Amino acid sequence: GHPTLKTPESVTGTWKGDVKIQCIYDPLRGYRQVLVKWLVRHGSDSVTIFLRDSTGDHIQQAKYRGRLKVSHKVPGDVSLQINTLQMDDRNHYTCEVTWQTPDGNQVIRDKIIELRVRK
């Protein structure tokens, strides 16, 4: 049994407000989380907007630096918070988590959440 990511199907945030896109799992004994990514679609191809790895949290795109926060205090909660929602933030967001397992494999789970932006 590998972990289960629990996510909403869709979330609506308020334009120029803040929103959280939940992604939570119950940590399984002896599983080590090794990577977290959040992605969006950008015309058919995906793009990474956030990465957490052994060197911390990485937001490479200027337009997101200072606007994105991924939960870090509670194990298993990798929810994405977006500050000052733009109309162009409407998208499908993917959260991808990788673990190393007790048997020494690396396994990946992901989920897709639609974000709508309402005025």
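Each residue number is its position in the shown sequence, starting from 1.
Participant: Which is higher in the entry, the mean Cα B factor of 99-107 or that of 12-20?
Facilitator: Comparing averages over the C-alpha atoms only gives 99-107.
Participant: Select between 43-51 and 75-83 the stretch whose C-alpha atoms have the higher average B-factor in the entry.
Facilitator: Looking at the recorded C-alpha B-factors, 43-51 comes out higher on average.
Participant: Is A62 in the lowest, middle or highest third of its chain when residues are ranked by C-alpha B-factor?
Facilitator: Answer is highest: the recorded C-alpha B-factor places it there.
Participant: Which third of the chain holds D26 when residues are ordered by C-alpha B factor: lowest, middle or highest?
Facilitator: Its C-alpha B-factor belongs to the lowest third of this chain's values.
Participant: Once the chain's modelled residues are ordered by C-alpha B factor and cut into thirds, is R90 in the lowest, middle or highest one?
Facilitator: Highest third.
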